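Worksheet: one structure, shown below.
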Amino acid sequence: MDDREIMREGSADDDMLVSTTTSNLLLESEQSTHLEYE
Amino acid sequence: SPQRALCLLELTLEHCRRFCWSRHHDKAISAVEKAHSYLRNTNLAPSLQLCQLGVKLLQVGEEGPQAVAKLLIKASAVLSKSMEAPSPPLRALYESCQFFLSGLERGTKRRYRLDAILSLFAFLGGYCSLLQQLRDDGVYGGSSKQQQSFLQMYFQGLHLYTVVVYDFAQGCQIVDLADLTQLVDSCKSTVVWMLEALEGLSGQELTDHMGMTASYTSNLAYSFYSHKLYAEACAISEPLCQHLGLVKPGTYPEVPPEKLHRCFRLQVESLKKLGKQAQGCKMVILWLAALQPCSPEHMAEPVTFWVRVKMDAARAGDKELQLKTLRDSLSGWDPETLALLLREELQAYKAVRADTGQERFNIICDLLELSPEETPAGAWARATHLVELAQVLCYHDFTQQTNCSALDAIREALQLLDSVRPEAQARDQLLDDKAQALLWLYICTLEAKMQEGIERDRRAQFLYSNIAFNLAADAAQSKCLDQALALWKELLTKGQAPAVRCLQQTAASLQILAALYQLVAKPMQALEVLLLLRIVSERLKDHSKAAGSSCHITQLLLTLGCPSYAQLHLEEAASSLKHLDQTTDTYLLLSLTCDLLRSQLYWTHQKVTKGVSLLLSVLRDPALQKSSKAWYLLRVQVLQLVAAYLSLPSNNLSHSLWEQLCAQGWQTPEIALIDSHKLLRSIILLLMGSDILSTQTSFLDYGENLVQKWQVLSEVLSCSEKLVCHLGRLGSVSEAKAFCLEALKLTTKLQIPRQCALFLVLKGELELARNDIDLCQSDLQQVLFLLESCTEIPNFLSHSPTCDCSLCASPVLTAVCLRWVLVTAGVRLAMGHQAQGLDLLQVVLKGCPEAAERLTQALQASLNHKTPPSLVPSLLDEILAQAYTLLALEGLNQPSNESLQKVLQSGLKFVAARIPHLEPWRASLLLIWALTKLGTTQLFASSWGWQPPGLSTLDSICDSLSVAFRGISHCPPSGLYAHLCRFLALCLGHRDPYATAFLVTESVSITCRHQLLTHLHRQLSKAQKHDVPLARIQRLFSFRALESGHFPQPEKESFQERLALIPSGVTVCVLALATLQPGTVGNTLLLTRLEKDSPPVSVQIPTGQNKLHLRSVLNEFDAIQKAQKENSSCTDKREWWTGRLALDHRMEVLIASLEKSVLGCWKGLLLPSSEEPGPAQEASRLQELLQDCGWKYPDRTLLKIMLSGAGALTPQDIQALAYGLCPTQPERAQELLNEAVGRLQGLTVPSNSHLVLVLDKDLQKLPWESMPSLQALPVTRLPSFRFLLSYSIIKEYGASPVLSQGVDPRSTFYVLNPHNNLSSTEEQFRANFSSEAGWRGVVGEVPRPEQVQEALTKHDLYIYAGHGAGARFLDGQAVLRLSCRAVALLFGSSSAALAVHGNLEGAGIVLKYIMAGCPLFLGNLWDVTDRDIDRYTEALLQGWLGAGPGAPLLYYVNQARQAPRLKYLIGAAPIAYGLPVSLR
Ligand SMILES: [Zn+2]
């Protein structure tokens, strides 16, 4: 003769990889620049 | 006399000639003294005497500089005296010539001091004055030969000065300071005199004189430039170039362009470096003016200089100099010449590796104002300049300044180009121009589509977008690339060299086109483009580009599956490397790429040892870590090759090489694959920005980035495909789904339908693995729509074997079609439609070889090789192998088809031909073969001591399974590994107890092992960027940490090593279900009891015979769960409670059935073993007597364990044990056992003993802990026994404070009523919780993720009393990245439940908590109601927190099960994961 109890819900799952931190790779260095004759 | 002086001079000349050989000029020196006596005063005579002293010195050749200096000083004094006096006799000139000849002989010494140089300068100045006086005389002008000879001698003199100054400069160290610093003044003087002399000379004489003078001035400037006194080097070089340029155009017609190029080059270089740019640019203008009447190829270098000075001026902050162009300075030049110069400035600006948007925009604007539109040539030139404008506006926002979009500019350019009627000569240039316009139309339309996608994502922050691909654009846009390729093929395939202005642009555009083809998943057309690039590079003699193109061809050919053609192109690439400078970064990069390609070829050709050596050398090379984007891409390819080598079984490589490879940082292929993806994403961030891959910079288009952008996009899609396939094959469907979704988002952003279809098919397979038929069918229907959209029961399976359609000509589309058929067959077989599934599988079986043949023919047609590829390319072999595996399993279901039986042998032959590349499928087929040979008591009964109350077939089955096990054990798929291990454990039995125990242990929680290995790699990388326990745990969980040997010796040694680390007092029981049909649930239970200092005990319980079998128990559990879900819908309270009470009674009967009808007498294998000596003596006595009764495998440990629980062994259990172990004389055994139990009555069960339960993904569902025998024992669950060892390792280093010290009851965080749904729960726990000392939490509000993270990392106890497990507040991935210190009491529905989807292993957040290091995890196995779980929570909290310090949590977990009204529906729900935990 008791009332009804509410059933707790077990929700659930995205599992997104994210991890966008990255190592901020070093940009290509300058890497910039014949005059030999008698 | 009038001719006496001439006679004396002639005699002295003959004397000097003799002195050159015989030194006869000594008697002639005496004769000269006699002449000076006869002629008292004669300047010619004194000069002759000085020249005689110099001739003596030249006979000495080289001597002290003092003598030469004195002789030259005397000569200078004599010359000054003669010239000052009015005596310009030719005899003085003859004496000076003799002295100069003597010095030239002395010039062979090539040794002169600064003083010697100055003295020679003074002598040369006197001689020059005399020569000028002689030229002033009318005699020189009267005879042209006389003037010519006078000039010849004059320039010969300064030429000697040149040689002297030039040699003096070389023979000088850094110490030489003022030496050249002063020599430079006289250098300016000589230049001035030489230029002054050039006046008057005309014709060939003039051309020669400017030539020579320029030659020596260049020689002196070269040396002066080297001295770093640029200021001095300029001062000398100014007037010559000023004269050479400001003259009227055409005055100097034949002076060589390069000879002028040198002098101007030196000045501009000096002008540039000295830091003043302005007159450097003006010098470039003067340089162009000097060469104005000539071809443009010479003007190319002056143009490059202009850009260098201007780029440096822009860098140095100057903006006024940045603005000025050549139009603002070269006014007056014929527009044609001006336009060609502007084209060269644009090209030099493109060469720059910086940001040059406005600079190019300004040039394009001036070019467009300059070209007259009305003329046809003007329209064609305007079209070209509009293509340039299209590029600039395609990657920069100048639309407000120009009032035109890139698309409109390029479309107008195309309209202008299609109206061009060209001359027969300029047809090739039109071809190249149209190809560039079409390529850049494609690029700009693609960029606009990308920006639309980015804005679309930024607005609505996607299966609708997948079908939202406009077909019109797909065909029309792709046609642009096909037409550009046709034009370039026409231009380049001809024998004659193309008659185009810039073949360098053609090569760059071809690289961009090849990158685009590889992105649009059209690789054969990329192969054609790369063959054209090699033709262009060979014409340009650019060995770097030829080598790079050959390397790309080899890579693409290996990806397509052809090793022999790749080998041909690899040797072609190797040959070009020899023509390259070895100190250049390009050479190193291409050599390392070639070594990587040889390593891959050796891998494909089964030369694994050589390939491993090469790969190791590449990995250990210090140059690989250079910070450049090409080096990053090389590292990506290196990582993919590492993954390829890690997928090989252990027998292919020796132990030492395996350790050497794994020591580089990656142990499993997926780890290496994930790192390649991360590196690719970092490259994408460097090239562009995060917008292409995320939702929220400037792109530097210096040509290199252009091709690299598309290359990296193609490579990230390829790496994602590899990762998805590998992870799905393993069984990690969630991570594979995540990668697939990311890739699909990228492909929808870029609007590529082929790659979209590929990833949709992969997603469909992943959803099929989860038994989600609805979403799988949705994905497959999307695939079908995309395939019908790209092609212009499906129609592509009706195509002819030799078909030339879009689907059949493209290997990618053919693979997608076959994969779609495979997934559709799987769906039909999972829906119970056997026939249609089998027919679809047969379609796949037929299709794969036909597709291989078509690709073979297409490859031969593209590459024009006479011999066909040795073997058909191997890219569809995995699809064929999977089809064979599925058909063999289906034949297992139907043992009476007689064709599917032959399919097993066909598949085994196919896979055995391709060892070791198809090993997982070989293992699956071998397992199916073993099952066929197996198909009651079954053959396992002879190998097991307890039967329930080579040559032999079993030996052959064991050998086959051993081969399969060693084929997959290095990187095992979860389901196949579990099946193989448990089948081998059944076969081995008690013949090898240790091998059986190892096999049972290895079969549980393999996916968790893979995930832990990946997480450990991430943590080690994080630590290294910013570890001994981590290394030990990685070695513990590794798959390759085995010695060499035959099965199962190294595995047994590793197991015994693991057995030695078991903590004392811990009993490990592994319960596993033996499955004799993949996809089903077995009725055989494998139980292994692992203890310290005790041999492992294993028992098989066949439950299929009993009416209550394991499958029945699982079905009843699922029925109870379903009814519980259905009962909550009821609104009548009384009926609701009646249903709840019935469900509780069903649960109680289920638990009783577990203990009584699944385990039976063996329940004692789960119970602790006594330390009292009675049971051991009893077992020792009983072993012999029972061996006489018929015990096949007498085990003292088993008897001791069973006899240690003699106080509760019922006569039914004793009868079962006796009648099972001893089947020949059962009653004698029963009598002995009964007597032993009688003498063992009154034993004390050990107190400090703990049980760890390792269950199967199916057996984990059941409430084992609530069995009547286990209600008084401390029981927890662990994913695996290696997790117990990892817990011990962590505990040694003090990384688990709760397991080392205890739980501080004041360090607690609670989340109560987070969603404000459960009001009864809050009122009951709010005050009690808030009133506790040091307790902090969130009531009525959603906790922030930082709050939950601090709860888990900083507190010792975490209590969640809301809905579910709170996976929304902190998802499993966040929990993984933390260190779990707290005890997680998650009171919610299905909190500790693992979701079993299909044949995949259970998944849940409890696993993430355990891998994060949680000491203990308490949660519910199924769904509960709020009030009764509140009663359980209150009882547990009161009992544990009120017990006092040093109170075990598990004791009050067990005691609190009596609190709920529903004892077996609510009280049986809570289970504990981890290790026992007490209070501080
Ligand atoms: Zn076709």
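Chain lettering (A, B, ...) mirrors the order of the structure tokens, residue numbering begins at 1 for each chain separately, and ligand numbering begins at 1 in order of display.
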task: Find the residues of chain B in contact range of chain A, meaning any atom within 9 Å when counting only C-alpha atoms, and list them as a VMD selection string.
output: chain B and resid 166 218 to 219 222 262 266 353 627 to 629 678 to 679 681 to 683 685 to 687 734 to 735 737 to 739 742 1025 1128 1131 to 1134 1136 to 1137 1318 1362 to 1368 1371 to 1373 1388 to 1391 1422 to 1428
Environment of ligand 1 within 7 Å, counting only C-alpha atoms and all ligand atoms, reported as an MDAnalysis selection string: chainID B and resid 796 799:800 803:808
Quick one: residues within 9 Å of residue B:524, only C-alpha atoms, excluding same-chain residues fewer than 3 positions away - as a short mmCIF file (atom, residue, chain, number, x, y, z; two decimals) with C-alpha atoms, in the first residue's frame?
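Result written to around.cif:
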```
data_model
loop_
_atom_site.label_atom_id
_atom_site.label_comp_id
_atom_site.auth_asym_id
_atom_site.auth_seq_id
_atom_site.Cartn_x
_atom_site.Cartn_y
_atom_site.Cartn_z
CA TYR B 517 44.18 14.50 -57.36
CA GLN B 518 45.37 12.59 -54.26
CA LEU B 527 50.31 9.10 -61.11
CA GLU B 528 49.92 10.56 -64.61
CA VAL B 529 50.57 14.07 -63.28
CA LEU B 556 51.71 6.05 -54.51
CA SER B 810 38.57 4.08 -59.74
CA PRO B 811 40.17 1.65 -57.26
CA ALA B 858 45.11 0.47 -65.65
CA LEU B 859 48.50 0.70 -63.92
CA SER B 862 49.34 4.65 -67.05
#
```
query: Near residue B:1176, counting only C-alpha atoms, which residues have an atom at most 12 Å away, once you skip same-chain residues fewer than 6 positions from it, shown as a PyMOL selection string?
result: chain B and resi 1169-1170+1182-1183+1195-1204+1236+1240
message: I need the residues of stretch 133-335 of chain B that end up classed as helix (DSSP H, G or I) by DSSP on the backbone, written out as number ranges by chain.
response: B: 133-136, 138-142, 144-170, 178-198, 204-226, 230-246, 257-273, 278-290, 296-315, 320-323, 335
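Each of B:1069, B:976, B:504, B:948 was compared to residue B:1219 using only C-alpha atoms, and B:948 turns out to be the nearest.
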So which residues touch residue B:195 within 9 Å, counting only C-alpha atoms, skipping near sequence neighbours fewer than 5 positions away, as an mmCIF file with N, CA and C atoms, in the first residue's frame?
```
data_model
loop_
_atom_site.group_PDB
_atom_site.id
_atom_site.type_symbol
_atom_site.label_atom_id
_atom_site.label_comp_id
_atom_site.auth_asym_id
_atom_site.auth_seq_id
_atom_site.Cartn_x
_atom_site.Cartn_y
_atom_site.Cartn_z
ATOM 1 N N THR B 190 93.291 53.486 -61.236
ATOM 2 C CA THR B 190 93.470 52.670 -62.456
ATOM 3 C C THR B 190 92.152 52.587 -63.195
ATOM 4 N N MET B 210 86.319 47.703 -73.722
ATOM 5 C CA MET B 210 85.336 47.569 -72.648
ATOM 6 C C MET B 210 85.340 46.164 -72.059
ATOM 7 N N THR B 213 88.711 45.747 -69.859
ATOM 8 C CA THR B 213 88.621 46.633 -68.703
ATOM 9 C C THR B 213 87.600 46.118 -67.698
ATOM 10 N N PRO B 239 82.252 54.163 -61.148
ATOM 11 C CA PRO B 239 82.286 54.880 -62.437
ATOM 12 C C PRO B 239 82.176 53.976 -63.652
ATOM 13 N N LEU B 240 82.724 52.763 -63.578
ATOM 14 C CA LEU B 240 82.657 51.858 -64.720
ATOM 15 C C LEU B 240 81.215 51.564 -65.100
ATOM 16 N N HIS B 243 79.335 54.636 -66.481
ATOM 17 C CA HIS B 243 79.595 54.791 -67.909
ATOM 18 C C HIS B 243 78.881 53.721 -68.725
#
```
